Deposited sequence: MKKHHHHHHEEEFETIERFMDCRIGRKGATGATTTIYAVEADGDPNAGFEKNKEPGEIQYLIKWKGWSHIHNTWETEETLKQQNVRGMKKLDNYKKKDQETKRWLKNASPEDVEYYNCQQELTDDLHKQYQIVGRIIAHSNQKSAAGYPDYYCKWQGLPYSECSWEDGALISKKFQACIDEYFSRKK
């Protein structure tokens, strides 16, 4: 009686079959490995979308298939038809875009993408919970985003990549 709902489509790639979901979170990749790591270096492809989930911070995005989504009962899938239509709509414009335009497109998407990557890195932990199952949860200010997007995140992790921010925090 739960079900996440997709909020924003972040990116799409052609990737290894099964290299979608939980194990594609930046911190899983980091922890364990990247299921899409070797890809097309021959083997079957699968157009996958990078999802931003309602309720979770970008640090939790995952790659997904038009199916895995259905096979999971996520809401917002009406957004998937909007995206698809748009991507083709542009992949199209590409083959004919003058080099002067293709360059702009590349610079902008380059930037845009770096932006979308900050969102995943703690900028400053501003608060903390004092209910430890062994660690405190931390309230995080994400780089590139408003405080309106601070989100409680599991301690334990945070520490795995952002100790400096929590060691900082820390006045005293």
| item | value |
| --- | --- |
| Missing stretches, numbered from 1 on the deposited chain sequence and kept in order | 1 to 10, 52, 144 to 145, 186 to 187 |
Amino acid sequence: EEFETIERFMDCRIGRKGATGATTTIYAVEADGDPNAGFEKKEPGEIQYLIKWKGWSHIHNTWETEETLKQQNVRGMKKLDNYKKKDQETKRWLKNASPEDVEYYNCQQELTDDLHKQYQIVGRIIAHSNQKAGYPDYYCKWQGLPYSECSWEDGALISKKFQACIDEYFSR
From here on, numbers count along this sequence of modelled residues.
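Between two forms, the rigid core is the largest collection of C-alphas that superpose within 1.5 Å.
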| query | finding |
| --- | --- |
| In 4 other deposited structures of this protein, rigid core aligned: more displaced of 97 to 105 and 83 to 91 by C-alpha RMS | 83 to 91 |
| 112 to 120 against 133 to 141 - segment lying farther from this form in 4 other deposited structures of this protein (CA RMS, rigid core fit) | 133 to 141 |
| Comparing 160 to 168 with 147 to 155, the one whose average Cα B-factor in the PDB entry is higher | 160 to 168 |
| Mean C-alpha B-factor comparison - 49 to 57 and 28 to 36, higher one | 28 to 36 |
| B-factor third for the C-alpha atom of residue 74 within its chain | highest |
| Third of chain Cα B-factors occupied by residue 87 | lowest |
| CA B-factor placement of residue 125, once the chain's modelled residues are sorted into thirds | highest |
| Where the record places residue 67 (Cα B-factor, split into thirds across the chain) | highest |
| Where the record places residue 116 (Cα B-factor, split into thirds across the chain) | lowest |
